[PDB]
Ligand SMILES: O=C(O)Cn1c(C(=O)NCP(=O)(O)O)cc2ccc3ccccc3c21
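To begin, one chain is listed below as structure tokens, in the form solved without the ligand.
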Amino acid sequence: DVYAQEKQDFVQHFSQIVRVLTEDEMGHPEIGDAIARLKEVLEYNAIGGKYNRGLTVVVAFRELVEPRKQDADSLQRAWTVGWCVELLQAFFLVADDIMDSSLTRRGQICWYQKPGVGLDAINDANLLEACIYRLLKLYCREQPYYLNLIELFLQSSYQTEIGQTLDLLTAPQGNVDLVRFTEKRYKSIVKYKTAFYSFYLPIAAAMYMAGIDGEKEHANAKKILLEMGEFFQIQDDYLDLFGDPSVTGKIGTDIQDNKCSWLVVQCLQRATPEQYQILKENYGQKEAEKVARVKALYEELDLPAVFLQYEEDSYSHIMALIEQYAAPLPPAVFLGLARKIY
């Protein structure tokens, strides 16, 4: 497993990230207290996950750049850029958890639920985003791909926030939205909210960093990565409800939050008129007993087994796309990622 190999090292480079981001304090002591808060926000919200998106940059980089070109500086930039993807994720999750009324994340209480944090987390989240661009400037400003990386991170963020917009609009609090929960809609939501930043961005970044700038090469990689991202979000939805919370580190809120989840979409395709009514009466509400009825409806329709089959067909489909579209990139770049997610 190429990720488990590169990980310890990736994770160790976090203290240098924090050191470099908290050196502004030297030039300007007056911002001491803010930088201290920044460190606390980084330590709490950037550590504790699996680091798959960040590690994808490092792994891809190693596989795409001739080993003679992997000097100490180039490696450090690679890890820095991986850490940029992780900071983007931490930005996103801190704000998402507020918007989804979540309780826990990565096995600890959500940053916004900490006493004395609350809605100040809005600013915390945006500070994490700003750190991305400070890191890129600090480590990559003289590199021919600098502008490419900046634009990629900006554009990936815009797309993801369009995603999030679709997510929120399809899931209004207090309104039954079952009619809106279609396969077509679901696929759009997850393409935008998840697939661009979690799959396309880290591989593209490593591509740019290796001087692979071509529009056709990016687009082919993209065909594979967006389908992988679709599956990853579908797995995420399944795990919100059926996942083991000691493994996931997070309590589910999709049913309560009236979300267009893969589960509810599959439910809707399979439900009798009577079960449609159970869903209609119970979905999108805070009451634990109403959430449990929805779960029981999902179990009665064998949705876990529908997911298991979907995982199998999807895996095959993605492997097919790797056969079609990897070239001229090493198939290993996509395979090691698929292994990681399936």
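Numbering starts at 1 and follows the sequence shown. Under this definition, the rigid core comprises the largest set of C-alpha atoms superposing within 1.5 Å between the forms.
Between the two ranges 329 to 337 and 5 to 13, the one averaging a larger CA B factor in the entry: Stretch with the higher mean C-alpha B-factor: 5 to 13.
Stretch with the greater mean C-alpha B-factor as recorded in the entry, comparing 245 to 253 against 159 to 167: Per the PDB record, 245 to 253.
Out of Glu183, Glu230, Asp236, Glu129, highest CA B-factor residue: Among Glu183, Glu230, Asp236, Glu129, the PDB entry lists the largest C-alpha B-factor for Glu183.
Highest recorded Cα temperature factor - choice among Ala78, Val179, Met207, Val190: Comparing C-alpha B-factors across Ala78, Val179, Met207, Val190, the maximum falls on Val179.
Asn45 CA temperature factor, ranked by third within the chain: Lowest third.
Third of the chain, ranked by Cα B-factor, where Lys290 sits: CA B-factor rank for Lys290: middle third.
Record-listed C-alpha B factor of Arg68: chain third: Highest third, going by the recorded CA B-factors of the chain.
Assigned third (lowest, middle, highest) for the C-alpha B factor of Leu93: According to the entry, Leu93 has a C-alpha B-factor in the chain's lowest third.
Third of chain Cα B-factors occupied by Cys84: Within its chain, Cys84 is a lowest-third residue by C-alpha B-factor, going by the deposited values.
The same protein also exists as the form solved in complex with the ligand; that form is not shown, yet it is the one meant from here on.
Residue stretch of 133 to 141, 147 to 155, 194 to 202, 72 to 80 approaching the ligand in the entry with it bound, non-hydrogen atom distance within 4.5 Å: Flagged stretch: 194 to 202.
Contact label in the entry with it bound: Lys280 to the ligand, heavy atom within 4.5 Å: Contact check for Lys280: no, nothing within 4.5 Å of the ligand in the entry with it bound.
4.5 Å heavy atom contact, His28 and the ligand in the entry with it bound: Result no; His28 lies far from the ligand in the entry with it bound.
Exercise: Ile341 in contact with the ligand in the entry with it bound, heavy atom 4.5 Å: Yes - in the entry with it bound, heavy atoms of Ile341 and the ligand come within 4.5 Å of each other.
Contact label in the entry with it bound: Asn52 to the ligand, heavy atom within 4.5 Å: Yes, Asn52 is a contact residue.
Members of 78 to 108 lying within 4.5 angstroms of the ligand, judged by heavy atom, in the entry with it bound: Residues within 4.5 Å: none.
Entry of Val117, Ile162, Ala271, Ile98 that shows, once the rigid core is matched between this form and the one not shown, a C-alpha shift of 2 Å or more: That would be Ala271.
Large Cα move at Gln235 between this form and the one not shown, threshold 2 Å, rigid core: Moves: yes, 2 Å or greater.
Is_shifted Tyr44 between this form and the one not shown (CA, 2 Å cut-off, rigid core): The answer is no; the displacement is under 2 Å.
Flag for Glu289, CA shift 2 Å or larger between this form and the one not shown after aligning core: Shift at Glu289: 2 Å or more after core fit.
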